[PDB]
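J.: I have a structure here, written as structure tokens, and I will follow up with some questions on it.
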Amino acid sequence: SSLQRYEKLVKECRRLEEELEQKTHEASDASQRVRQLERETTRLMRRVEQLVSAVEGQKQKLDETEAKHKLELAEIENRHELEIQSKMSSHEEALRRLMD
Amino acid sequence: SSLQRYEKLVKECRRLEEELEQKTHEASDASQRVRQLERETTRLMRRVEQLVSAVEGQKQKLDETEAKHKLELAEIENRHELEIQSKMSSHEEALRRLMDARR
Ligand SMILES: C[C@@H](O)[C@H](N)C(=O)O
């Protein structure tokens, strides 16, 4: 009776002490895992941020190559039309000097 | 004394029980945060692979755009050479006919 009731409560106290020890080891294991994952997430968010800046940089660079090319084309076209006009001018002076 | 001995052990059992519940709650919060981190980890990893693929796609588009620009420049030079040759040949015909006329 009385001794048995007391030893049953002693045994429950020990069961709580051993479960507490187990949960302490598991909480320690979990904290190792959270810290490991937080080091990964922060490292991931950084490279994502660098890659977004990279994509926007390549997109800007493509608009720049197109802008330079369209200008190069316009300069070439202007220079060629003036060269053709120069030939026509020279031809007219030649005809004027030969035919008087 | 028998009663007092049991009641003192009862209070310790409450302290341990309450301490186990606090540790149970802490483990419950921790393992939930792990699961959220594992989800965010795969979500971020998926975006890294996307952005890397987007980078390689833009680099190929850039090289082909440069290649296309170089072809268009060569075709412009070709057409200009065509027109120069046509102008100079028309001026030579005009010369030949006008020198014939004044003969
Ligand atoms: C829980 C405890 O108080 C009880 N005496 C038992 O035997 O489990």
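Letters for chains follow the order of the structure tokens (A, B, ...), residue numbers begin at 1 for each chain, and ligand numbers begin at 1 in the order shown.
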Write as a ChimeraX atom specification the residues around ligand 1, taking 6 Å as the cut-off and counting only C-alpha atoms and all ligand atoms.
T.: /A:8-9,12
J.: Could you write out the selected residues, including N, CA and C atoms, as a PDB file, in the first residue's frame?
T.:
```pdb
ATOM      1  N   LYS A   8       5.664   4.238  -6.695  1.00  0.00           N
ATOM      2  CA  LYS A   8       5.066   4.516  -7.999  1.00  0.00           C
ATOM      3  C   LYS A   8       5.252   5.976  -8.398  1.00  0.00           C
ATOM      4  N   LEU A   9       5.164   6.894  -7.434  1.00  0.00           N
ATOM      5  CA  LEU A   9       5.401   8.299  -7.743  1.00  0.00           C
ATOM      6  C   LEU A   9       6.880   8.570  -7.986  1.00  0.00           C
ATOM      7  N   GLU A  12       7.487   7.620 -11.509  1.00  0.00           N
ATOM      8  CA  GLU A  12       6.988   8.596 -12.471  1.00  0.00           C
ATOM      9  C   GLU A  12       7.933   9.782 -12.583  1.00  0.00           C
TER      10      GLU A  12
END
```
J.: Could you check which of A:64, A:93, A:100, A:77 is closest to residue B:66, using only C-alpha atoms?
T.: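 Looking at the shortest contact to residue B:66, the residue is A:64.
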J.: Please report the interatomic distance between atom CA of residue B:80 and atom CA of residue A:84 in Å with one decimal.
T.: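 Separating atom CA of residue B:80 from atom CA of residue A:84 is a distance of 9.1 Å.
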J.: Counting only C-alpha atoms, which residues of chain A come no farther than 9 Å from chain B, as a ChimeraX atom specification?
T.: /A:2,5-6,9-10,12-13,16-17,19-20,23-24,26-27,30-31,33-34,37-38,40-41,44-45,47-48,51-52,54-55,58-59,61-62,65-66,69,73,76-77,80,83-84,87-88,91,95,98-99
J.: Go ahead and compute the interatomic distance for atom CA of residue A:18 and atom CA of residue A:1, in Å to one decimal.
T.: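 About the pair atom CA of residue A:18 and atom CA of residue A:1: they are 25.8 Å apart.
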J.: What's the separation between atom CA of residue A:81 and atom CA of residue A:97, in Å to one decimal place?
T.: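 Those two atoms sit 24.5 Å apart.
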